[PDB]
(Lines of atoms letter the chains of each structure in order from A and count residues from 1; the text may use other names and numbers.)
(Lines give C-alpha, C1' and ligand atoms only; values in the text may rest on other atoms or scores of the structure.)
Protein backbone atom coordinates (compact mmCIF):
# COMPACT_ATOMS: atom_id res chain seq x y z
CA UNK A 1 0.00 0.00 0.00
CA UNK A 2 0.92 3.68 -0.29
CA UNK A 3 -2.21 5.86 -0.44
CA UNK A 4 -2.75 7.95 2.69
CA UNK A 5 -5.83 7.31 4.80
CA UNK A 6 -8.44 9.24 6.76
CA UNK A 7 -10.71 6.97 8.79
CA UNK A 8 -14.17 8.49 9.18
CA UNK A 9 -17.70 7.83 10.29
CA UNK A 10 -20.46 9.96 8.78
CA UNK A 11 -23.80 10.83 10.37
CA UNK A 12 -26.48 13.42 9.79
CA UNK A 13 -28.61 15.42 12.18
CA UNK A 14 -31.90 16.32 10.56
CA UNK A 15 -30.11 16.02 7.23
CA UNK A 16 -27.08 18.09 8.24
CA UNK A 17 -23.98 15.89 7.65
CA UNK A 18 -21.10 15.52 10.10
CA UNK A 19 -17.90 13.76 9.06
CA UNK A 20 -16.13 12.54 12.19
CA UNK A 21 -12.42 11.91 11.72
CA UNK A 22 -11.30 9.15 14.08
CA UNK A 23 -7.87 8.68 12.50
CA UNK A 24 -5.48 9.94 9.84
CA UNK A 25 -4.91 13.61 10.63
CA UNK A 26 -1.47 14.91 11.67
CA UNK A 27 -0.50 15.13 15.34
CA UNK A 28 -1.64 18.44 16.81
CA UNK A 29 0.30 18.36 20.07
CA UNK A 30 -0.96 18.24 23.65
CA UNK A 31 -2.30 21.78 23.97
CA UNK A 32 -5.96 22.67 24.41
CA UNK A 33 -8.44 22.38 21.52
CA UNK A 34 -8.14 26.07 20.60
CA UNK A 35 -4.38 25.64 20.21
CA UNK A 36 -4.75 22.46 18.16
CA UNK A 37 -7.29 24.22 15.95
CA UNK A 38 -4.68 26.92 15.35
CA UNK A 39 -2.06 24.36 14.30
CA UNK A 40 -4.55 22.44 12.20
CA UNK A 41 -5.53 25.50 10.21
CA UNK A 42 -2.04 26.98 9.98
CA UNK A 43 0.03 23.91 9.09
CA UNK A 44 -2.40 21.17 8.13
CA UNK A 45 -5.34 22.81 6.39
CA UNK A 46 -4.88 20.44 3.43
CA UNK A 47 -6.44 17.69 5.54
CA UNK A 48 -9.63 19.70 6.13
CA UNK A 49 -9.94 20.19 2.38
CA UNK A 50 -9.26 16.55 1.46
CA UNK A 51 -11.82 15.52 4.06
CA UNK A 52 -14.85 17.67 3.25
CA UNK A 53 -14.42 19.19 -0.22
CA UNK A 54 -15.14 17.49 -3.55
CA UNK A 55 -14.59 14.87 -4.75
CA UNK A 56 -14.79 13.06 -1.38
CA UNK A 57 -17.21 15.52 0.19
CA UNK A 58 -19.17 18.64 -0.76
CA UNK A 59 -19.73 22.23 0.42
CA UNK A 60 -22.56 21.24 2.76
CA UNK A 61 -20.25 18.99 4.75
CA UNK A 62 -19.13 19.81 8.29
CA UNK A 63 -16.13 17.97 9.68
CA UNK A 64 -15.23 17.01 13.24
CA UNK A 65 -11.73 15.92 14.25
CA UNK A 66 -11.70 13.65 17.30
CA UNK A 67 -8.90 14.50 19.75
CA UNK A 68 -7.68 13.08 23.05
CA UNK A 69 -8.73 15.66 25.66
CA UNK A 70 -6.31 17.58 27.87
CA UNK A 71 -8.26 16.65 30.99
CA UNK A 72 -7.92 12.85 31.01
CA UNK A 73 -11.24 12.79 32.86
CA UNK A 74 -13.16 14.29 29.93
CA UNK A 75 -14.62 12.00 27.25
CA UNK A 76 -13.11 13.71 24.22
CA UNK A 77 -11.85 16.81 22.50
CA UNK A 78 -13.07 17.95 19.10
CA UNK A 79 -12.45 20.52 16.39
CA UNK A 80 -15.17 21.41 13.89
CA UNK A 81 -14.60 22.69 10.37
CA UNK A 82 -16.51 23.42 7.19
CA UNK A 83 -15.90 24.11 3.49
CA UNK A 84 -14.34 27.51 4.12
CA UNK A 85 -12.57 27.14 7.44
CA UNK A 86 -13.01 26.34 11.11
CA UNK A 87 -15.86 26.69 13.59
CA UNK A 88 -16.03 27.27 17.32
CA UNK A 89 -18.67 24.93 18.68
CA UNK A 90 -21.06 22.94 16.51
CA UNK A 91 -24.44 21.89 17.81
CA UNK A 92 -25.51 19.32 15.24
CA UNK A 93 -21.90 18.20 15.02
CA UNK A 94 -21.65 17.37 18.73
CA UNK A 95 -24.89 15.43 18.50
CA UNK A 96 -23.47 13.62 15.48
CA UNK A 97 -20.16 13.01 17.27
CA UNK A 98 -21.89 11.49 20.28
CA UNK A 99 -24.11 9.29 18.10
CA UNK A 100 -21.02 8.10 16.24
CA UNK A 101 -19.04 7.27 19.38
CA UNK A 102 -22.03 5.29 20.63
CA UNK A 103 -22.30 3.54 17.26
CA UNK A 104 -18.60 2.68 17.54
CA UNK A 105 -19.45 1.15 20.90
CA UNK A 106 -17.10 3.54 22.69
CA UNK A 107 -19.78 5.02 24.94
CA UNK A 108 -23.24 4.29 26.27
CA UNK A 109 -26.13 6.38 27.65
CA UNK A 110 -24.80 8.95 30.10
CA UNK A 111 -23.12 12.33 30.54
CA UNK A 112 -20.00 12.94 28.46
CA UNK A 113 -17.65 15.92 28.73
CA UNK A 114 -16.30 17.25 25.45
CA UNK A 115 -13.57 19.87 25.10
CA UNK A 116 -13.89 22.28 22.18
CA UNK A 117 -11.91 25.32 20.95
CA UNK A 118 -14.43 27.61 22.69
CA UNK A 119 -14.87 25.72 25.93
CA UNK A 120 -16.05 22.40 27.31
CA UNK A 121 -19.57 21.19 26.62
CA UNK A 122 -21.56 18.42 28.27
CA UNK A 123 -23.43 15.95 26.08
CA UNK A 124 -26.00 13.55 27.49
CA UNK A 125 -26.72 10.43 25.45
CA UNK A 126 -30.29 9.41 26.28
CA UNK A 127 -31.65 5.86 26.34
CA UNK A 128 -33.70 6.72 23.26
CA UNK A 129 -30.49 7.52 21.38
CA UNK A 130 -31.04 11.27 21.08
CA UNK A 131 -28.46 13.70 22.46
CA UNK A 132 -28.84 16.79 24.66
CA UNK A 133 -25.91 19.18 24.46
CA UNK A 134 -25.33 21.62 27.32
CA UNK A 135 -23.50 24.23 25.23
CA UNK A 136 -21.02 26.88 26.35
CA UNK A 137 -22.53 30.15 27.68
CA UNK A 138 -24.53 32.19 25.17
CA UNK A 139 -25.43 35.88 25.21
CA UNK A 140 -26.63 38.78 23.05
CA UNK A 141 -23.80 41.22 22.38
CA UNK A 142 -25.63 44.03 20.56
CA UNK A 143 -29.33 44.59 19.97
CA UNK A 144 -31.33 45.94 17.04
CA UNK A 145 -28.27 46.78 14.96
CA UNK A 146 -29.23 48.35 11.63
CA UNK A 147 -27.16 47.70 8.52
CA UNK A 148 -27.47 49.03 4.99
CA UNK A 149 -27.27 45.94 2.79
CA UNK A 150 -26.73 46.35 -0.97
CA UNK A 151 -29.61 44.92 -2.99
CA UNK A 152 -31.85 44.69 0.06
CA UNK A 153 -31.65 48.00 1.89
CA UNK A 154 -31.81 48.56 5.64
CA UNK A 155 -31.67 45.39 7.72
CA UNK A 156 -31.55 45.21 11.52
CA UNK A 157 -30.97 42.38 13.95
CA UNK A 158 -29.20 41.12 17.05
CA UNK A 159 -25.58 40.03 17.23
CA UNK A 160 -25.26 37.10 19.63
CA UNK A 161 -22.79 34.41 20.61
CA UNK A 162 -23.82 30.77 20.86
CA UNK A 163 -20.55 28.99 20.19
CA UNK A 164 -20.12 30.99 16.98
CA UNK A 165 -21.19 34.54 16.13
CA UNK A 166 -24.66 34.99 14.67
CA UNK A 167 -26.65 37.89 13.30
CA UNK A 168 -30.34 37.23 13.95
CA UNK A 169 -32.25 39.30 11.41
CA UNK A 170 -35.48 40.88 12.60
CA UNK A 171 -38.33 41.37 10.13
CA UNK A 172 -36.65 39.99 7.01
CA UNK A 173 -40.03 39.27 5.45
CA UNK A 174 -38.68 36.18 3.66
CA UNK A 175 -40.58 32.93 3.19
CA UNK A 176 -38.64 30.31 5.14
CA UNK A 177 -39.31 27.14 3.17
CA UNK A 178 -37.50 24.24 1.51
CA UNK A 179 -38.71 25.46 -1.88
CA UNK A 180 -37.28 28.97 -1.47
CA UNK A 181 -33.60 28.23 -0.81
CA UNK A 182 -31.96 30.26 -3.59
CA UNK A 183 -33.68 33.43 -2.39
CA UNK A 184 -32.88 32.75 1.28
CA UNK A 185 -29.23 32.08 0.43
CA UNK A 186 -28.86 35.15 -1.77
CA UNK A 187 -30.49 37.27 0.92
CA UNK A 188 -28.32 36.04 3.80
CA UNK A 189 -25.17 36.08 1.67
CA UNK A 190 -25.75 39.79 1.02
CA UNK A 191 -26.11 40.41 4.76
CA UNK A 192 -23.10 38.24 5.59
CA UNK A 193 -20.88 40.19 3.21
CA UNK A 194 -22.27 43.59 4.20
CA UNK A 195 -21.37 42.86 7.83
CA UNK A 196 -17.89 41.94 6.63
CA UNK A 197 -17.45 44.93 4.31
CA UNK A 198 -18.70 47.37 6.96
CA UNK A 199 -16.42 45.74 9.55
CA UNK A 200 -19.27 44.91 11.94
CA UNK A 201 -17.88 42.22 14.26
CA UNK A 202 -18.51 40.31 17.46
CA UNK A 203 -17.37 41.55 20.86
CA UNK A 204 -13.99 39.87 20.41
CA UNK A 205 -13.53 41.20 16.89
CA UNK A 206 -14.61 37.88 15.47
CA UNK A 207 -16.38 37.87 12.11
CA UNK A 208 -20.14 37.39 12.22
CA UNK A 209 -20.06 34.51 9.76
CA UNK A 210 -23.45 32.95 10.53
CA UNK A 211 -26.69 34.65 9.51
CA UNK A 212 -30.02 33.19 10.63
CA UNK A 213 -33.64 34.11 9.94
CA UNK A 214 -36.63 33.14 12.08
CA UNK A 215 -40.37 32.81 11.54
CA UNK A 216 -43.42 31.15 13.03
CA UNK A 217 -44.08 27.49 12.37
CA UNK A 218 -47.46 25.75 12.53
CA UNK A 219 -45.90 22.78 14.36
CA UNK A 220 -43.08 24.37 16.33
CA UNK A 221 -42.29 27.50 18.32
CA UNK A 222 -40.25 28.76 15.38
CA UNK A 223 -38.70 27.86 12.03
CA UNK A 224 -35.34 29.14 10.81
CA UNK A 225 -32.85 29.39 7.97
CA UNK A 226 -29.17 29.43 8.85
CA UNK A 227 -26.41 30.53 6.48
CA UNK A 228 -23.05 29.08 7.46
CA UNK A 229 -19.64 30.80 7.03
CA UNK A 230 -19.00 28.93 3.79
CA UNK A 231 -22.28 30.06 2.23
CA UNK A 232 -23.90 26.64 2.63
CA UNK A 233 -27.06 26.49 4.71
CA UNK A 234 -27.61 24.21 7.73
CA UNK A 235 -30.15 21.45 7.12
CA UNK A 236 -30.65 21.30 10.89
CA UNK A 237 -31.93 24.14 13.07
CA UNK A 238 -28.31 24.64 14.16
CA UNK A 239 -27.38 24.23 17.82
CA UNK A 240 -25.16 27.27 18.27
CA UNK A 241 -27.64 29.32 16.25
CA UNK A 242 -30.58 28.19 18.34
CA UNK A 243 -28.46 28.78 21.44
CA UNK A 244 -27.93 32.39 20.32
CA UNK A 245 -31.68 32.72 19.73
CA UNK A 246 -32.36 31.33 23.21
CA UNK A 247 -30.04 33.99 24.62
CA UNK A 248 -32.05 36.68 22.84
CA UNK A 249 -35.43 35.27 23.82
CA UNK A 250 -34.15 35.03 27.40
CA UNK A 251 -33.02 38.65 27.43
CA UNK A 252 -36.41 39.85 26.16
CA UNK A 253 -38.52 37.72 28.50
CA UNK A 254 -39.93 35.62 25.66
CA UNK A 255 -38.83 32.34 27.25
CA UNK A 256 -38.44 31.25 30.87
CA UNK A 257 -35.60 29.17 32.35
CA UNK A 258 -36.35 25.45 32.11
CA UNK A 259 -39.06 26.04 29.52
CA UNK A 260 -38.82 24.13 26.21
CA UNK A 261 -38.50 25.82 22.83
CA UNK A 262 -39.10 23.76 19.67
CA UNK A 263 -36.97 24.95 16.78
CA UNK A 264 -37.66 23.65 13.27
CA UNK A 265 -35.20 24.10 10.40
CA UNK A 266 -35.81 25.25 6.84
CA UNK A 267 -36.28 21.62 5.80
CA UNK A 268 -38.31 20.36 8.75
CA UNK A 269 -35.75 18.94 11.21
CA UNK A 270 -36.32 19.81 14.86
CA UNK A 271 -34.27 20.57 17.97
CA UNK A 272 -35.63 21.17 21.46
CA UNK A 273 -33.99 24.05 23.29
CA UNK A 274 -33.92 24.97 26.95
CA UNK A 275 -31.80 27.18 29.20
CA UNK A 276 -30.74 28.11 32.70
CA UNK A 277 -28.70 31.12 33.79
CA UNK A 278 -24.92 30.90 33.94
CA UNK A 279 -24.33 30.21 37.65
CA UNK A 280 -28.00 30.87 38.34
CA UNK A 281 -27.42 34.58 37.69
CA UNK A 282 -30.53 36.07 36.03
CA UNK A 283 -30.18 38.69 33.32
CA UNK A 284 -26.74 37.62 32.14
CA UNK A 285 -25.53 34.91 29.75
CA UNK A 286 -27.45 31.65 29.66
CA UNK A 287 -26.37 28.02 29.59
CA UNK A 288 -28.39 26.65 26.66
CA UNK A 289 -29.09 22.94 26.18
CA UNK A 290 -30.00 21.69 22.72
CA UNK A 291 -31.54 18.26 22.18
CA UNK A 292 -31.60 16.46 18.84
CA UNK A 293 -31.08 13.15 17.06
CA UNK A 294 -28.46 12.00 14.57
CA UNK A 295 -28.26 8.84 12.46
CA UNK A 296 -24.98 7.20 11.48
CA UNK A 297 -25.04 7.04 7.69
CA UNK A 298 -21.66 5.64 6.66
CA UNK A 299 -18.26 4.40 7.77
CA UNK A 300 -15.36 4.94 5.45
CA UNK A 301 -11.69 5.32 4.73
CA UNK A 302 -10.89 8.23 2.46
CA UNK A 303 -7.93 7.44 0.21
CA UNK A 304 -5.35 10.01 -0.90
CA UNK A 305 -3.10 8.84 -3.74
CA UNK A 306 0.29 10.50 -4.23
CA UNK A 307 -0.47 11.24 -7.89
CA UNK A 308 -4.01 12.44 -7.24
CA UNK A 309 -4.06 16.18 -8.02
CA UNK A 310 -7.25 16.38 -5.98
CA UNK A 311 -5.88 14.43 -3.01
CA UNK A 312 -6.35 17.65 -1.08
CA UNK A 313 -9.76 18.20 -2.65
CA UNK A 314 -10.91 20.56 -5.38
CA UNK A 315 -10.17 23.96 -3.85
CA UNK A 316 -11.91 26.53 -6.03
CA UNK A 317 -10.83 30.08 -6.83
CA UNK A 318 -11.54 33.43 -5.19
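Numbering follows the first chain given and starts at 1.
Taking the mean of the C-alpha B-factors per stretch from the entry, tell me the winner out of 58-66 and 37-45.
Result of the comparison: 37-45.
When the Cα temperature factors in the entry are averaged, is it 163-171 or 77-85 that ends up higher?
Per the deposited B-factors, the answer is 163-171.
Using the temperature factors in the entry, find which of 226, 186, 136, 107 has the highest value at its Cα atom.
Answer for 226, 186, 136, 107: 186, with the highest C-alpha B-factor.
Between 98, 238, 200, 211, where does the Cα B-factor run highest in the record?
Of 98, 238, 200, 211, 200 has the highest C-alpha B-factor.
Using only modelled residues of the chain, where does the Cα B factor of residue 193 rank: lowest third, middle third or highest third?
Residue 193: CA B-factor falls in the highest third of its chain.
Please say which third, lowest, middle or highest, residue 3 falls into when its CA temperature factor is compared across its chain.
Ranked within chain, residue 3 CA B lands in the highest tercile.
Select lowest, middle or highest to describe the third in which the CA B-factor of residue 182 falls within its chain in this entry.
Within its chain, residue 182 is a highest-third residue by C-alpha B-factor, going by the deposited values.
Among the chain's modelled residues, which third holds the C-alpha B-factor of residue 248?
Middle third.
Entry-reported Cα temperature factor of residue 94, expressed as the chain third it lands in:
For residue 94, the deposited C-alpha B-factor lands in the lowest third.
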